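Engineer: Dropping in the first section of the assembly, placed as in the complex:
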Amino acid sequence: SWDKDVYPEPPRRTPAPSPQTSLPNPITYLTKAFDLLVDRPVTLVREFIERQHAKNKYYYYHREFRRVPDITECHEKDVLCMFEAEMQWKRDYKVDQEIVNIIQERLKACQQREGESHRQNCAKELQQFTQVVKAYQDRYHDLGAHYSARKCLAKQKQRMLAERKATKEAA
Amino acid sequence: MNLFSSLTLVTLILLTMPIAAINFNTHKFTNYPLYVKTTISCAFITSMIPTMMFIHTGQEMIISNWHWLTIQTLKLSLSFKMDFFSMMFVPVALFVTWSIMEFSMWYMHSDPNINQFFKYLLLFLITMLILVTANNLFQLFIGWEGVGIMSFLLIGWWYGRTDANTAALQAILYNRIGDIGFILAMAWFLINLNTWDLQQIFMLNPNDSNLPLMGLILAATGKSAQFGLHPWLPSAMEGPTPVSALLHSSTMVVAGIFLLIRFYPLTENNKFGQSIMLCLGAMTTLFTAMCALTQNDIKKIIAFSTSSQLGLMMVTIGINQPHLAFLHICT
């Protein structure tokens, strides 16, 4: 499984079967045939494989990267510090990419799960999507193919000068 | 969930199995056309179960089963969309294709490349069900170019004949002119909506959809043989009769109509695209039915017939009635 908080799902409200007709639908018979002939042998083979997994347990780990000094507190043309700042920035850029991917998966799952009432019932995921796309655009857009922490810091300083001038001219 | 998605993927994998059989062969067959016909009859029987349990509840889903490639924010996955359109079109295409192949077991019986013929025809069916069950624009483009290339290989079947090779390259020419607009639409959706998946396209719901819908209308003009890009479909009768019956009447030629039906939430809010589709489909259904009044070759008459019906399908998309258009495809 996964984590239900990073991939949110509302609980399933399925309606009860209330058949009015006297003709039996084939879906019940084919579901019973799929349960007997397919799901049980697949479950048996999976339990065999699961026992063979349990006969030797061993683990893999999620690699933690501790924080190193970023590009703002690295000296100019000091490659030993700004190299590590650049590697940290590139890993953060790839992780922010996958954050945008997670919010896109939330948006698409909400749209398909809500069906025709998607335009009302997925305003929250749309708001989260617009927020994270606006943040990713102000953080990483238009840096070019030779992007760096220097390019991103220069874009941030230009945006902060623009915000400061817009605040100053309106006060 | 366990029955629906399983038999959904079983249909497509079952259709891919005789391709592995014809590629992994050594011997002379015990009627490989009978094997492919039995496979497609079994695929129709298999695909009827998800269709019936869609008729029961309206049960739709998406099988995004295999992650393929993440271009920094674009997670292209092998994603099959089981909605109303796939659930209605896959059994109709399988039933028609099963009839076309039992026709072809008699019609193409004197052909010493009959196993190659049934191989190409099954490859067409695999690419078309990739097209109609697709969830993103890249997989739909795979099915799109696949039915274009199998149209090439099946128009130019008797390849020593110069006119068949000429009509096949003509069909490729008009289809790639439509593909200009298809790739234009893909480019617009990636640059302005960061997606090729249809769900994010529908949920973002863009308002400035003049240019991508112009691209999609150009793609449907090329693929469904509308006016300006029409003559490849009467030229396409130069292939064998079951090629014209399966590909060029009922199954391939409705793919541009299917493309504009698939984007109906973007056409039900754009009146300009509706007027363009309406005028273009009316022009096509006038012109092709007028050309059919005086023809003497029977395949040319039925080709202008099916292009006039495609023009009528474009008309009923253009009056913002997409489900009537898809019902008319299945009919």
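Structural biologist: Received it, and whenever you're ready, just let me know what you need. Residues are numbered from 1 along each chain as shown, chains lettered A, B, ... in the order given.

Engineer: residue ranges of the helices in the stretch 201-331 of chain B, please?
Structural biologist: With helices called from DSSP state H, counting those that start in this stretch, the stretch 201-331 of chain B shows them at B:210-223, B:232-235, B:241-246, B:255-262, B:264-267, B:271-291, B:298-318, B:322-330.

Engineer: what's in contact with the first one?
Structural biologist: The reference is to helix B:210-223. Residues outside helix B:210-223 that contact it (C-beta atoms under 8 Å, 6 or more residues apart in numbering or on different chains): B:144, B:148, B:174-185, B:188-189, B:206, B:226-229, B:252-253, B:255-257, B:259-260, B:263, B:266-267, B:270, B:272-273, B:276-277, B:280, B:314. (C-beta placed from N, C-alpha, C; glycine too.)

Engineer: Are any of these buried, and if so which?
Structural biologist: The neighbour count (16 or more other C-beta atoms under 10 Å in any protein chain shown) marks B:144, B:148, B:174-175, B:177-179, B:181-182, B:184-185, B:188-189, B:226-227, B:229, B:252-253, B:255-257, B:259-260, B:263, B:266-267, B:270, B:273, B:276-277, B:280, B:314 as buried among the contacts of helix B:210-223.

Engineer: list the helices and strands the helix ranked longest in chain B packs on?
Structural biologist: Across chain B, the helix with the greatest residue count (assigned by DSSP state H) is helix B:162-193. Under the contact criterion of 3 or more C-beta pairs under 8 Å, 6 or more residues apart in numbering or on different chains; DSSP states H and E, helix B:162-193 touches helix B:137-155, helix B:198-204, helix B:210-223, helix B:232-235.

Engineer: gap between the two ends of stretch A:20-27?
Structural biologist: Using C-alpha to C-alpha, to the nearest Å, the end-to-end distance of stretch A:20-27 comes to 15 Å.

Engineer: swap in stretch B:73-93?
Structural biologist: 35 Å.

Engineer: repeat for stretch A:114-130
Structural biologist: End-to-end distance of stretch A:114-130 (C-alpha to C-alpha): 19 Å.

Engineer: residues in contact with it?
Structural biologist: With contact meaning C-beta under 8 Å, 6+ apart, stretch A:114-130 is reached by A:103-104, A:106-107, A:110-112, B:60, B:202-205.

Engineer: okay, chain C goes in next:
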Amino acid sequence: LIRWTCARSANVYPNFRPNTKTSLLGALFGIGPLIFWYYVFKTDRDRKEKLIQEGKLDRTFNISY
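Structural biologist: Alright, chain C goes in next:
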């Protein structure tokens, strides 16, 4: 056939004479469309950059580039 394939490729430049007709057709068809598409793409990108830097062009979900 050998004579045709030699005439299409090898004998073109030894039987070329730069005169008025060849110069006008080579400068009209050679650097003509280069100038044309240059001014088209330059005007379009000046317009687009002016709309972007002034906050006019809708660049809302544009994060792939």
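
Engineer: what do you get for what packs on helix B:162-193 once chain C is counted?
Structural biologist: helix B:137-155, helix B:198-204, helix B:210-223, helix B:232-235.

Engineer: Present these as JSON lines; the columns should include distance to residue B:16.
Structural biologist: Formatted as JSON lines, the helices and strands packed on helix B:162-193 follow (distance: least, C-beta to C-beta, whole Å):
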{"stretch": "helix B:137-155", "distance to residue B:16": "13"}
{"stretch": "helix B:198-204", "distance to residue B:16": "24"}
{"stretch": "helix B:210-223", "distance to residue B:16": "24"}
{"stretch": "helix B:232-235", "distance to residue B:16": "28"}
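
Engineer: closest one to residue A:154 among those helices?
Structural biologist: Closest to residue A:154 of these is helix B:198-204 (C-beta to C-beta; 30.6 Å).

Engineer: ok, and does that closest one reach over to chain C?
Structural biologist: Yes: Helix B:198-204 comes into contact with chain C (C-beta under 8 Å from any C-beta of the partner chain), by way of residue B:204.

Engineer: who are the neighbours of that helix, in terms of helices and strands?
Structural biologist: Going by 3+ C-beta pairs under 8 Å, 6+ apart, helix B:198-204 lies up against helix A:79-114, helix A:118-121, helix B:162-193, helix B:264-267.

Engineer: so which strand or helix has residue A:155?
Structural biologist: Under the criterion DSSP states H and E, the helix or strand holding residue A:155 is helix A:149-169.

Engineer: Can you list the buried residues in that helix?
Structural biologist: Quick answer for helix A:149-169 (16+ other C-beta under 10 Å): A:149-150, A:152, A:155.

Engineer: Nearest to residue A:132, out of the residues you listed: which one, please.
Structural biologist: Nearest to residue A:132 among the buried residues of helix A:149-169: residue A:152, at 17.1 Å, using C-beta to C-beta.

Engineer: Please tell me I have it right and that closest one contacts residue A:143.
Structural biologist: Yes: counting by C-beta atoms under 8 Å, residue A:152 does reach residue A:143; the two are 6.0 Å apart.

Engineer: how many other residues sit next to the residue nearest to residue A:19 when sequence neighbours are not counted?
Structural biologist: Excluding the flanking residues, the one nearest residue A:19 by C-beta to C-beta, 6 or more residues apart in numbering or on different chains is residue A:25, at 7.2 Å. Neighbour count of residue A:25, defined by other C-beta atoms under 10 Å in any protein chain shown: 15.

Engineer: can you slot in chain D too:
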Amino acid sequence: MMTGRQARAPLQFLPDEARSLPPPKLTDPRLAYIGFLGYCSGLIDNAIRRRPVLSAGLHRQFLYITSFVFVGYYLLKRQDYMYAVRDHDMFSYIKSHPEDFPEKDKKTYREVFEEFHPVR
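Structural biologist: Chain D goes in next, on the same frame as the chains above:
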């Protein structure tokens, strides 16, 4: 450039202070390359006189390898010496003229303002 440096002691291939420097090892990759040049000279010498190129004159090929390794070892010693003299003069000159080599204020990028150029 350094003609006034090696003018107080002229025509010395390796001076005495060159012995302060570590000599190249016999497994120097440059010296192995010069031995390879000796082997190539031996093969070309057998090829130009229509001899079996690998077979004829193993004594001659071995003297080719030996002579090129022998000359190239002293050439590499003098090379390392002259680059060490170059660096010694550089460092003595920077130490003797501090006013021509000031210590620069290394500013971090929080103060350093670079103009941003968007690629779009």
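
Engineer: Could you re-examine the neighbour count of residue A:25 with chain D now present?
Structural biologist: Number of residues near residue A:25 (other C-beta under 10 Å) recorded here: 15.

Engineer: what's the answer for residue D:94, then?
Structural biologist: The number of residues near residue D:94, taken as other C-beta under 10 Å, comes to 11.

Engineer: do residue B:79 as well
Structural biologist: By other C-beta under 10 Å, the residues close to residue B:79 number 24.

Engineer: before we move on, what about residue B:244?
Structural biologist: Using other C-beta under 10 Å, residue B:244 is surrounded by 22 other residues.

Engineer: now swap in the one 5 residues further on and tell me
Structural biologist: Residues near residue B:249, counting by other C-beta under 10 Å, number 22.

Engineer: ok, it touching residue B:306?
Structural biologist: Yes: the pair residue B:249 / residue B:306 is scored as a contact, 4.8 Å apart, by C-beta under 8 Å.

Engineer: how deep is whichever residue of chain B sits closest to chain D tucked in, by neighbour count?
Structural biologist: Closest residue of chain B to chain D, C-beta to the nearest C-beta: residue B:191 (11.0 Å). Other residues within reach of residue B:191, judged by other C-beta under 10 Å, total 14.

Engineer: you'd agree residue D:116 is in a helix?
Structural biologist: No: the assignment for residue D:116, made by DSSP: H, G, I helix; E, B strand; the rest coil, is coil rather than a helix.

Engineer: OK, contacts around the closest residue to it other than its chain neighbours?
Structural biologist: Spatially, and ignoring its direct neighbours in sequence, residue D:116 is nearest to residue A:154 (3.7 Å; C-beta to C-beta, 6+ apart). Residues in contact with residue A:154 (C-beta under 8 Å, 6+ apart) are D:114-116.

Engineer: Most neighbours among these, which one?
Structural biologist: Highest neighbour count within those: residue D:116, with 18 neighbours (other C-beta under 10 Å).

Engineer: roughly how far apart are that one and residue A:152?
Structural biologist: According to C-beta to C-beta, to the nearest Å, residue D:116 stands 9 Å off from residue A:152.

Engineer: Can you read off the backbone torsions of the closest residue to chain A within chain D?
Structural biologist: Distances between chain D and chain A by C-beta to the nearest C-beta are smallest at residue D:119, namely 3.2 Å. For residue D:119, the backbone dihedrals (degrees, to the nearest 10) come out as phi -100, psi 100.
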